[PDB]
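Undergrad:
Residue numbers (the deposited numbering), protein chains in the order written: chain A, -1 to 60, 75 to 591; chain B, -1 to 60, 75 to 591.
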């Protein structure tokens, strides 16, 4: 046991000893992603490794919004990391200090969630409209083991009652889930955010940064790492890492890189740690403009080629083909972001979200789902402005579509064939804007940049156990896997927390840092949390109202209330407004 | 709602804003106890109050062991406080840093717990020997509401099966419980440490400081407070505080003090906060020596007189007479500490606890209970030495007796009438030392100092709701109550955490500090914790073994396993070794 999980304030504020033999250890980190930079920060702080021994290998040499970066308070590893990171906006404060102070003065909540029939709000908005069978299937999915859910789709565990409910409309749009996605990952998502079911439709439990994650999270970490002398090597293309797999131990021996076009090799010892971010969801992302579509592609990038080369060496390094291959053509591929300063587009937006987009505060509270759209278009507007040099009179909205190969409503073309204005054409169509001024507002009054990510749905692909390698593989001495494609316990991918948690576990295991890693929050194992979930799932109903029709549950409930009458259980039932 | 509870790493590392109008606010703190000094530290750190505006009023002008200061990892408020406090032993570290590092290199566990028949270990040691009815009564106490347990004794909720079990032997000695004590406080104790039931007999869950709490906790806080310029006024005897109770608000207007023998008054405004530690368990503590007993007394001290004077002003300031009056004469009154360097006394101690007392590490793992002693004597030896100038060849043991008016085994006198050597006489009697060298080893080879605390059992006295005032009373502007006699939610008195938690809540409510106060740990509301408790309570038995005799439970269990077969519940049952 090279690590142990923990919770509470004891292991939270505790600093570990400097681990043994660190001063003769180095670290090479492939990529400059969020998980890679988090691992370097943990090596500096918790591992007490000097910055000159840490190398960041970056492929690239020395307005687009990557939306969907929702955050919540129980990102235990993220706030453990973003504590010693000083901020760049205000002095004598951390990244968490600004995030705490900004989310307490302007709480995030959505006054409108789903609209349909070109602008009109959904009549059953706020309610989940989950039937008894839909709630049963939700419980059945959570009560099934993770081992029994290997290569199981969402449609294999849910019926047509679940998909017709408003709960699925919120769930499929908040997390960009698809019906052909992993049931293991969805089951992890239901258990992780079971305490946010009350704040699910109105987004009251969601927390947002002042800007995008690049300048709110990545840039503060870059400034922190550069202050400690962390070496950043650029123009480095990592082909493959030579691993010798013996029956007793596995050591990274050598890395083949392409340093500024010249292929050369770095030698490795047992002390020289290697951190690999296998796979990438932003790789091979073609871009478009307001007049031409983003060209579709399926070219495997550097991150996917490295994982394929590593997987051939050992079977327990994971299967990269289960994520980067055979992605359905109906999956989410194209996302667009539109920037405008035109008044009547903003006025239409204000008429739907009931808040001023130029006020500088929470605008939409999150995303807005177009239920009638054939593309399953969903758009969001964050606290404008999300950028530094962006003018104060301009707003930036982010648009993504779930289905890809279906013709749109106003434009009879798929999202893959529509240019930047044409995506903005149908977006204005569903906002209630008339079909006469719709054309010139997109082509001239707004600038929309499409982007085609062919791997933006890879983390939710159906997988088995062992398809994702362990964060530190078994019997591994200096090789670690970080990012959203590394296997850990009970955590949800496509979150900033998952990348940070994998970074923390990799550093703590390889360096044998004897400090408790903060476990995933115990909401699914909490009596109070599970009771609040039952109340919220069936549209704010007491136990008498939930079982008012079924006789088998009514008899069982009557015996239950008889045995708990005048007890602390009944007090728990009443204070959670279930009785 | 002037405060809110929270948990997790978000509110743990978050620093609050400087609260409004603080720079015109002052603070007067009565007493220099653990709770009082904790409140001053919170005012400096979280309240950002300058030290010159904080006053500590101390009655006193400018080897004894106060044993029983067990600590555990989930003292959430204590580690929140002892984080910014720098240590005095090692540099560039906090009090928590040393505590974390010392308790990970030398884990605390007891190789012997209960001895009887003059030295021999209990045959059923480690086991709880709780019957089915005893486990039923334990569950019934935890499942009853706190409101229904007003003025309820321990004997009123438990039967003779519970008191004959080894669980009660450990419980009545770890926490110095008595059969005539508050069932509310015991129910809080069972729910608080329900996750430590596995580590209850062997003390594997207990954590200890390097020295006594005065030098490990109080002195680091004193040095921290003096570095910030906190004013310490000495020779100040607080008689009463003038409170005007209107229908809308209550304000501390004036405090009557006796400054160095001269009675004078300090005026108060709404901004001038007042923190009162009502009651004291160490007050009116008479001392003895190796030849004379500690003289018994019942004189109300300054802390009890202040609470009585405050209680007359308003009914919701609590009832001090329910704790300081009518304490039974069989209750714990006399404690002794014995210091020796004689070899054969140490050798006898090593022969029982199986560890060297002079090694500098964990010696007894906690306390040792004498089951055959009429006094219910229990003695402990911590990591020697517990003091600074104490020689390396000397050990210091702490002896307390639960029953007080009963004659001892070797000495036919009560503990109240026995001198320092005579307490050491019967202690050596139960260690297996022969009845020939027993006398001169206590009178000449050891020095034992008795102490008579008449209020060392007041916090466990039977109480109703409102007997203890709220930490901040309702409609109170500048008056707060801190310490073990203030009422808070779900926390256990006679712990360092309770004094710190009351200090944190008082500072956060009076100053309107908008940061989450860490709640009491959610062990009673955790599915995993409750399942481990069931396994440990019935002496490591599976559900088939627990219900192997009762037919009503056997039928219900068979239906339960049928409904959970091949589910995540069954996985939870197996991984908690309950199935």
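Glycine included, C-beta positions come from ideal geometry on N, C-alpha and C.
(1) When you compare only the Cα positions, how much space is there between residue 326(B) and residue 335(B)?
(2) If you measure from the beta carbon of residue 588(A) to each beta carbon in chain B, is any gap under 8 angstroms?
(3) Could you check what DSSP says for residue 321(A) in three-state terms: helix, strand or coil?
(4) Name, please, each residue of chain C whose Cβ falls closer than 9 angstroms to the Cβ of residue 156(A).
(5) Residue 251(B) and residue 321(B): beta carbons closer than 8 angstroms?
(6) Just to confirm the assignment, what range does the alpha helix (DSSP H) spanning residue 183(A) have?
(7) Measure the C-alpha to C-alpha separation of residue 110(A) and residue 123(A) and round it to an integer number of angstroms.
(8) Take residue 296(A) as the anchor and find which of 312(A), 281(A) and 282(A) has the nearest alpha-carbon.
(9) Let's see if you can read the secondary structure: which residues bound the beta strand (DSSP E) around residue 470(A)?
(10) Along chain B, which residues have their Cβ under 7 angstroms away from the Cβ of residue 6(A)?
(11) Could you tell me whether the stretch 264 to 282 of chain A touches the stretch 86 to 102 of chain A, using the rule of 3 or more Cβ pairs below 8 angstroms?
(12) Where in the stretch 416 to 471 of chain B do unbroken runs of the alpha helix (DSSP H), each at least 4 residues long, occur, reported from the N-terminal end onward?
(13) Taking only three categories from DSSP, how would you classify residue 8(B)?
(14) Any beta carbon from chain B within less than 8 angstroms of residue 168(A)'s own beta carbon?
(15) Starting from residue 539(B), trace the alpha helix (DSSP H) in both directions and tell me its first and last residue.
(16) Looking at the structure shown, is residue 536(A) part of a helix, part of a strand, or coil, going by DSSP?
(17) Output the distance between the C-alpha atoms of residue 570(A) and residue 578(A), rounded to the nearest integer angstrom.
(18) Determine the direct distance from the alpha carbon of residue 378(A) to that of residue 84(A), and round the result to whole angstroms.
(19) According to a CB-to-CB cut-off of less than 9 angstroms, which residues of the stretch 513 to 543 of chain B neighbour chain A?
(20) Using a Cβ-Cβ distance under 8 angstroms, would residue 11(A) count as near chain B?
(21) Residues in the same chain with beta-carbon distance under 7 angstroms from residue 41(A), minus the five sequence neighbours each way, listed in chain order, please.
(22) So which residues of chain A does residue 316(B) contact, with C-beta pairs closer than 8 angstroms?
(23) Leaving out five residues before and five after residue 173(A) in sequence, what residues of the same chain have Cβ atoms less than 7 angstroms from its Cβ?
(24) Give the range of the alpha helix (DSSP H) segment to which residue 34(A) is assigned.
(25) Which partner residues does residue 133(B) have in the DSSP bridge list?
(26) For residue 99(B) and chain A, any beta-carbon pair shorter than 8 angstroms?
(27) If I'm right that residue 499(B) touches residue 481(B) with Cβ under 8 angstroms, what's the distance once you round it to whole angstroms?
(28) With 8 angstroms as the threshold, decide whether the Cβ of residue 510(A) is near any Cβ in chain B.
(29) With three or more C-beta pairs closer than 8 angstroms as the rule, is the stretch 193 to 202 of chain A touching the stretch 213 to 226 of chain A?
(30) Using a C-beta to C-beta distance shorter than 8 angstroms, which residues of chain B count as neighbours of residue 15(A)?
(31) In three-state terms, what does DSSP make of residue 100(B)?
(32) What residues in its chain sit with their C-beta under 8 angstroms from that of residue 11(B), if we drop five residues either side in the sequence?
(33) So residue 389(B) is in the beta strand (DSSP E); what residue range does that whole segment cover?
(34) Do residue 360(A) and residue 445(A) have their CB atoms nearer than 8 angstroms?
(35) Using the DSSP secondary-structure output, state which residues sit across from residue 475(B) in a beta bridge.
(36) Going along the chain, which residues of the stretch 250 to 275 of chain B sit with their C-beta nearer than 8 angstroms to a C-beta in chain A?
TA: Taking the definition as stated:
(1) 18 angstroms
(2) no
(3) helix
(4) Of the chains in the structure shown, none is chain C; the protein chains are A and B.
(5) yes
(6) 178 to 186
(7) 25 angstroms
(8) 312(A)
(9) That residue, residue 470(A), is in no beta strand (DSSP E); it is neither H nor E in DSSP.
(10) 85, 86, 88 and 533
(11) no
(12) 432 to 442 and 450 to 455
(13) helix
(14) no
(15) 539 to 549
(16) helix
(17) 14 angstroms
(18) 13 angstroms
(19) 526, 527, 530, 533, 534, 536, 537, 538, 539, 540, 541 and 542
(20) yes
(21) 25, 47, 52 and 519
(22) By Cβ distance, chain A contributes nothing, its closest Cβ being about 33 angstroms from residue 316(B), past 8 angstroms.
(23) 143, 145 and 146
(24) 32 to 43
(25) 127(B)
(26) no
(27) 6 angstroms
(28) no
(29) no
(30) 113
(31) coil
(32) none
(33) 389 to 393
(34) yes
(35) Answer by DSSP bridge pairing: none, since residue 475(B) is not bridged.
(36) none
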